[PDB]
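Enquirer: Once you've seen the sequence and the experimental structure below, I've got questions.
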Amino acid sequence: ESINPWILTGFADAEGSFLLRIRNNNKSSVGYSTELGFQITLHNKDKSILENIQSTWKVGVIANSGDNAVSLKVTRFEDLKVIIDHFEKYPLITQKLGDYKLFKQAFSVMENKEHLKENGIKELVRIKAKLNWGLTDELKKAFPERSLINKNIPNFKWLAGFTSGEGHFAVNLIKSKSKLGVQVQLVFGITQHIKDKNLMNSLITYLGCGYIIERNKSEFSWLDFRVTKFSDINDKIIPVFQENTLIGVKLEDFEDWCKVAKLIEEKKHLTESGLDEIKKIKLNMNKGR
DNA sequence: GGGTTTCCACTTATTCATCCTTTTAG
DNA sequence: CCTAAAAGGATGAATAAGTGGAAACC
Ligand SMILES: [Ca+2]
Ligand SMILES: [Ca+2]
Ligand SMILES: [Ca+2]
C-alpha cells in the first residue's frame, strides 16, 4: 500500500534522518570508506509504515533496532537517486532541508568517485561537520584543517504526514467545579524543537486556530502547538485529517478522538454515561492501546 | 582478488508525544 | 454558579542520529 508523496515528505520532516558515514578503514585506498543514506526509526508497532514506504520508493532495507524498534535504511548508492528525485519534487520544510542539502552535496562527490581521493574525503568532512551533530571531534582531530531554513507548509497532505509523526490527540479530563467535577477538553497538539519556531507559528495562520505553549525541560526547549476550542477542533482540525488521511497507529488514536468529538457535539459529555464512554475511549488510546 | 559497497546487529541522547493540574475566560 | 478555554507542570521513551562488524560485490 503506497503512501502519498506529500504525506511521505511530511512524515520525513518529522521522523526521517540523513546519514553520512566517514569511517576509518585500513583496507581502504584513502584510509577512509564512506556510506550515505536516509533512515527512519519507529516503534515496532509502526513497522507497517516502513514497509508501505518501502513499497512506495521500491528501495531501502528493514532491520530491527533493539527489541522495541525497527528501521528503514536506504544506503545502496544507486537507490539514493530515488530519495533525491522525490525530495526534489516534494521538498522538506523543516530545518532538515538543510540536512537534505548537505546530503545531495555528499552524493555528488561520491557520484564522481571523488570519495576515493584524499580531497573527496576532505570534502566529505566539510559536508559532515555541518550535518546533523557534525563531525565526531576525532574526525576533527584527524582533519583539523548553518544557514537556517524558513519555508511554509506546502499543503495539508504534508501536515498529515508531519502530524502523523509529531502529532498528539489528547482527551484531557479536568477536575472542574461543574456538576460532574470533570470537564472534557479535546486537545490537538504538534510538538517541535524551537529551531523551527517560525514553521510552528505558521501553523496558527495556516489552520486558522490554535496557539503555541512554550515548552522546556531543564537544559532543553521546544514548542507545542495546541488547539483547545472545540469549535476549531470540530470544524477546522477534524476535517483536515478526514480528507488528508493519517498513517500509522496514530490514525486509530485520531479516530477514537473524533468519537469523543461527536459525543461532545451531541452534548453527551455532560451526562454520566457519556463521561463513562469518553473515559472508556481515553484509556484504550495512546499509550493504553 | 583487493578495494569497495551494502548489509545487519546494535547503541544512545533528547526531542518529542504523553498525561496531568491549575488558572482564566465567558 | 456553570462550562469552556488557555496556561503550565512533569517525564519516560520513541524517535533522530549514529556505530561495530563483516558478508557481498566488482
Ligand atoms: Ca522531529
Ligand atoms: Ca511519532
Ligand atoms: Ca515520544
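Expert: Received the coordinates, thanks. Numbers count the residues shown, from 1 in each chain, chains lettered A, B, ... in the order given. Ligands and ions are numbered 1, 2, ... in the order given.
Enquirer: and stretch A:211-226 with DNA strand B, contact?
Expert: Yes. Using C-beta under 7 Å from any atom of the strand, stretch A:211-226 reaches DNA strand B at A:215, A:217, A:220, A:221, A:222, A:224. C-beta coordinates here come from the backbone N, C-alpha and C atoms, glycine included.
Enquirer: what's the closest of these to DNA strand B?
Expert: Proximity of the residues of stretch A:211-226 next to DNA strand B to DNA strand B (C-beta to the nearest atom of the strand) peaks at residue A:220, which lies at 3.4 Å.
Enquirer: For my notes, confirm residue A:12 occurs in a helix.
Expert: Yes. Secondary structure assignment places residue A:12 in a helix (DSSP: H, G, I helix; E, B strand; the rest coil).
Enquirer: Show the contacting residues for it.
Expert: A:40, A:87, A:92, A:96, A:161 (C-beta atoms under 8 Å, 6 or more residues apart in numbering).
Enquirer: could you redo the last one with a cut-off of 10 Å?
Expert: Contacts for residue A:12 (C-beta atoms under 10 Å, 6 or more residues apart in numbering) come out as A:18, A:38, A:40, A:53, A:83, A:86-87, A:90, A:92, A:94, A:96, A:100, A:158, A:161-162, A:165.
Enquirer: Relative to residue A:262, how far out is it?
Expert: Taking C-beta to C-beta, to the nearest Å as the measure, residue A:12 falls 32 Å from residue A:262.
Enquirer: Among the residues of stretch A:211-226 next to DNA strand B, name the buried ones.
Expert: Buried members of those, scored by 16 or more other C-beta atoms under 10 Å, are A:222, A:224.
Enquirer: could the residues of stretch A:211-226 next to DNA strand B go into TSV alongside secondary structure and distance to DNA strand C?
Expert: Shown next, in TSV, are the residues of stretch A:211-226 next to DNA strand B (DSSP: H, G, I helix; E, B strand; the rest coil; distance: C-beta to the nearest atom of the strand, whole Å):
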residue	secondary structure	distance to DNA strand C
A:215	strand	6
A:217	strand	4
A:220	strand	8
A:221	strand	11
A:222	strand	8
A:224	strand	7
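Enquirer: Which members of the residues of stretch A:211-226 next to DNA strand B are the farthest-apart pair?
Expert: The distance between the two most remote of the residues of stretch A:211-226 next to DNA strand B (C-beta to C-beta) is 13.2 Å, for A:220 and A:224.
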